[PDB]
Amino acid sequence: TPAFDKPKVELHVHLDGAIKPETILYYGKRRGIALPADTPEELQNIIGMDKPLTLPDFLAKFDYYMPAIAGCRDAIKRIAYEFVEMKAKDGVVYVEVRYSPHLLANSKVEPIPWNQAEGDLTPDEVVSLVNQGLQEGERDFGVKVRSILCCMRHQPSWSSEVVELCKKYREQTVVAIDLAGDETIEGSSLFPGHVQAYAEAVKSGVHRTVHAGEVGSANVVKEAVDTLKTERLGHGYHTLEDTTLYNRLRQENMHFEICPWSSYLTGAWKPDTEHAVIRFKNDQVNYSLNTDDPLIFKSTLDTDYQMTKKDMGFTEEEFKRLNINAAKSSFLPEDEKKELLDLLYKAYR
């Protein structure tokens, strides 16, 4: 089957949408919460998607399965570990894994995510546990792993704990801040909780990505560049609808975090249209191919490669380019990014 069985890099993927059904059923039963089914399989199909789906019909998914894990130290670390193992199985050599620490917390967070009753697991201890699991992960399956903490659109009261958390735990394993959630909250990029968070990220060399352009307009991408100052964008499709902004980001060699399967699934991309990635490819963009959420999208990395191979003419050589780029566009430190590149230059020949 495999579409490029060469090593890859991956920059854009959510931990909380990368759990095994059966680890969820496990803490489900283990921790008396009821999941809406009782085989890992009924579950998949259920948190699984095979059509677009409304912002809420899509967020409710986080309630089928997140109260199994959040709260639970052992669970959190377990998911971090088995994410890594998951990525070894796709043939990846470097992954940047992203999440919100508040969304696995049950203490020292307002408001309490997912109906949790208040407990003791805080947003700081989530980071440690995620680290513990990601590092031990790395050691066992030999994948390189960094993490990325997400800010939430709708909750810029979190944002500075986020940067702070990012600086606290830097390369041990965190590399950057993100912006995620409902990109269609109006004004949201400029919410001063977020601006100051990114600004602070700039004060103290923390790398930046932001979700934009997947659903919200080209305006949201340019607030991402100009005001939050990102180095990378997650998605950035709608970038096309402003020629000058596309132009200048092509010229700046901005990184595009592309999630092709994800976008058909979500609705973001519709199929009587030109898929945005093909454009990128035609235009020699800096972009990577990424999976977003293996859980929700019923996917693996090779899913993504299949569609562009099989649907969009992607040749192996683009594959190569795109991985080289993503490596190039890692939030790794300089010295260790060169070493990623040596690894891929050699594997690609």
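Numbers for residues come from their place in the sequence shown, where the first is 1.
Colleague: Check the entry's C-alpha temperature factors for 333-341 and 12-20, then say which stretch has the higher mean.
Modeller: Looking at the record's C-alpha B-factors, the answer is 333-341.
Colleague: With reference to the PDB entry, specify whether the mean Cα temperature factor is higher for 293-301 or for 33-41.
Modeller: On average, C-alpha B-factors are higher across 33-41.
Colleague: Identify, among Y287, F319, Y64, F58, the residue whose C-alpha carries the highest B-factor in the deposited PDB entry.
Modeller: Of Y287, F319, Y64, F58, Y64 has the highest C-alpha B-factor.
Colleague: Given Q155, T273, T122, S262, identify the residue with the highest C-alpha B factor in the PDB entry.
Modeller: Of the options given, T273 has the highest CA B-factor in the PDB entry.
Colleague: Of the three thirds of its chain by CA temperature factor, lowest, middle or highest, which one includes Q306?
Modeller: Middle third.
Colleague: Based on the entry's values, in what third of the chain does the Cα temperature factor of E161 lie: lowest, middle or highest?
Modeller: For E161, the deposited C-alpha B-factor lands in the middle third.
Colleague: Would you check the entry's CA temperature factor for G236 and let me know if it's in the chain's lowest, middle or highest third?
Modeller: Lowest third of the chain for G236's C-alpha B-factor.
Colleague: What third of the chain does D90 rank in for C-alpha temperature factor, lowest, middle or highest?
Modeller: For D90, whose C-alpha B-factor we compare with every modelled residue in the chain, the answer is the middle third.
Colleague: Grab the CA temperature factor for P113 from the record and place it in the lowest, middle or highest third of its chain.
Modeller: For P113, whose C-alpha B-factor we compare with every modelled residue in the chain, the answer is the highest third.
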